[PDB]
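Here you'll find one protein chain in two forms, each presented separately as structure tokens under the names structure 1 and structure 2.
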Structure 1
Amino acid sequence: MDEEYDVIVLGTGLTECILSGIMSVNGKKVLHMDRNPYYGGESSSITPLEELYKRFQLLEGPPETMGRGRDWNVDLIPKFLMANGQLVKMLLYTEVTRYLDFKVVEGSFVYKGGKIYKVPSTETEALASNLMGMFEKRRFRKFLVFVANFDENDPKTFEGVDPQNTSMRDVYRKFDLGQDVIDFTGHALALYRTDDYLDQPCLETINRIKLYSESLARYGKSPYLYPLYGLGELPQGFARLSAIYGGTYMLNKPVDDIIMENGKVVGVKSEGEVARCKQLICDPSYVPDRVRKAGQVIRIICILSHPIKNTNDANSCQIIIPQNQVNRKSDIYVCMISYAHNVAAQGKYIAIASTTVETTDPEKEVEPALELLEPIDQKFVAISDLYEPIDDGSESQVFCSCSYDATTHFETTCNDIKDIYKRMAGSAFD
């Protein structure tokens, strides 16, 4: 290593790679290291099918029926991007989009009463939905038109509501929408994880639903994007971006100690060598004593030889199960991709079910979701601990990221990246 760098990054997970790229684009001299022999950290991709069976201690290799092992690219933590979301804008800023190929996710579904239904975001879809009865549908149709016309710059578009004071609960009441419609609207449209929004000003929720509608994409597909060949393409594209700027990426390089003493600040020692830096970015595994355990998530990867039933034979999809429909305090998510996004062999599908652990039998908690996929060829169970920083980085200049939660989209990951950028640069990412 060189004698000095502006920033040193430890770990090649999604958050770190994105932050690294922004820094290089901003004119910083960066060193990026990882102790592992591969890219991705916790959010890595298993490139050959044989290896996945190995990582899960299954001595019997892949059966004949799974096809060509090289044609599989299994992400361990799959997540979709909202087309007009902020993460995509971060990708545009750096220009890594010059190396990625995005393909739209075919469908978006929600669970209600034991069955899955398409998520309606337009007036036409509302009127066609099997989710609601004749009269409620109509009321739902009014709701969407209200959201579609809302313009915070024109007080006439409000409907006697004060965007900054009227709660969303009052808005649901104004249209007389029942509990079941609220479950799917808050959770599958606005994309909240909890019901805390109910007692907060309505404005935010209005803009969130607007975002879903606007992210549209023709044919009536969905507002989600997923890269061809999977998420593994991101670490690859960024590494290529650093080379343009004269940045340095280094794999299989252990970190012996994070140098820092009095006013904290930093420096890093690897294989005897020491490199100086002004700021440091890292994931939790590099600073066990500056982190606290926030819980656990279960993720079960299922290999299927058939599309999920009750979807119109979708080649990829997002399915959300609100906590309330299954008597839980946390939602269950299921996302599926297949050979259509080039991550599985011809005719094969990959469905990943996830949620936050609440009981002493984590595998039982996911039964609701697994039932939807039933004839399952092979199952791979994985439990992870979640960590969050104790230190914000003010003073110390050590900026640690959070573990990836159970959600199947990038909202919370994007929030973390923005928070860290703010703490680092001392201003908001504009």
Structure 2
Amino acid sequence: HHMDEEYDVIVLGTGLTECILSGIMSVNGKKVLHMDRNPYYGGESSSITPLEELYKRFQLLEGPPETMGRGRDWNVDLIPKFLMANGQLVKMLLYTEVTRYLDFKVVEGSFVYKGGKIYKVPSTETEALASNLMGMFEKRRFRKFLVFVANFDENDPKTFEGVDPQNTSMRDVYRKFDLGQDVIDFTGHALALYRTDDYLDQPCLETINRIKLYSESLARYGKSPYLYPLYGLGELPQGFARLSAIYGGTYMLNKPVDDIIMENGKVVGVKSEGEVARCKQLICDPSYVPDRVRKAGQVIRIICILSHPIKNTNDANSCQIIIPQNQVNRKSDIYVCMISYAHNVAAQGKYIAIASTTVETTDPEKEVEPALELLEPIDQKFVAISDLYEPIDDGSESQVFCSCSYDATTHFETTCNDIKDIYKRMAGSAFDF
């Protein structure tokens, strides 16, 4: 196999982040070379099919029992994550036009864990007044809070109600409406989607806007604010590969990167199969540049096949479940996202619940018991522990732009920030929406 002599950009790995940036570059008029050492797409975030392959990958010789249904009807994302309907990730996908090859379907339910139980996340005043997460009085205070958020307008100080969006902290905003720890817990982690409570002592603007984003997405799609493509996220690598051909430049799989040639601290090309191709910029995931990354931790994901909808979700065919750390004596949230035959990722009557979190103990599996208890009985489990990496070089000089490994969250918030960041580092300016 052979490469060209020169490309403006060379991308290594076909993970979601690489694919999306690769799409932007191509659409922006650059000659792109995109390759992957693997014989499949998505790298770490690959989708597995048929079911038999999933069993193989997890060392389950027995193979799936007939009761698992038609193997070919299974498309299992190793790292499933949902997209915020009105989010920027979706907007970036529209920009590349890869959306032309995707069928987004709204996730049926969104829940939050509390006191050992899961409740519907209340985003509307109506949902608030009917929520069992709070008592009669507090839920009414929360209702007024949502009112303020809904009516809030960044450019109209009359709606600020005396708060300084650029200076008044969210903690102060919470006090203003007299909201307790439990309400703050699900609002911050299940509505604003933060991973930690650092936002409490930061300007309220961002948080208010995040809650607005959730509400607006929900209002637009009805069931929840989350989207997931039919057939799983594996449809993205395929879409971008197809988009790639359009602008000339087909994705090359099963192609080894023998070396990343650096000249005076700056990349100038890549060598593969006794051949060299020059490039001005290089995009890749951590696995291609061990010396330009540091380990930021470990994540554990447990894929659980079920034959029944998750209890207490009103038989949702798909759902997001956030388990705030404070609710389970942890320093990191636990997540559970589930998709099923409704999104064409599993055989009829089957559901795929994937529980995840950041490792904090020597018994990672035990750490996720709080989430598994919400899923039993479980037909089969698939446990995977992954090391997380983040670049120690922003490519400013090297012109080598590495992405971060995918964290435990079950939505694209943090992945979107990485993409936007990497892009800014490459273009010199922020992606203009």
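Each residue is numbered by where it sits in the sequence of structure 1, with counting from 1. Rigid core: the largest C-alpha set superposing within 1.5 Å between the two forms.
Inset, instruction - Report the residue, chosen from 288, 178, 220, 254, for which the CA moves 2 Å or more between structure 1 and structure 2 after the rigid core is overlaid. - result: The listed residue whose C-alpha shifts by at least 2 Å is 220.
Legend entry - Core-aligned CA shift between structure 1 and structure 2 for residue 153 (Å): Comparing the two forms, residue 153 shifts 1.8 Å at C-alpha.
Legend entry - Backbone CA shift between structure 1 and structure 2, residue 263, after core fitting (angstrom): Reported C-alpha shift between structure 1 and structure 2: 3.9 Å at residue 263.
Legend entry - C-alpha positional change at residue 123 between structure 1 and structure 2 - rigid core reference, Å: Comparing the two forms, residue 123 shifts 0.6 Å at C-alpha.
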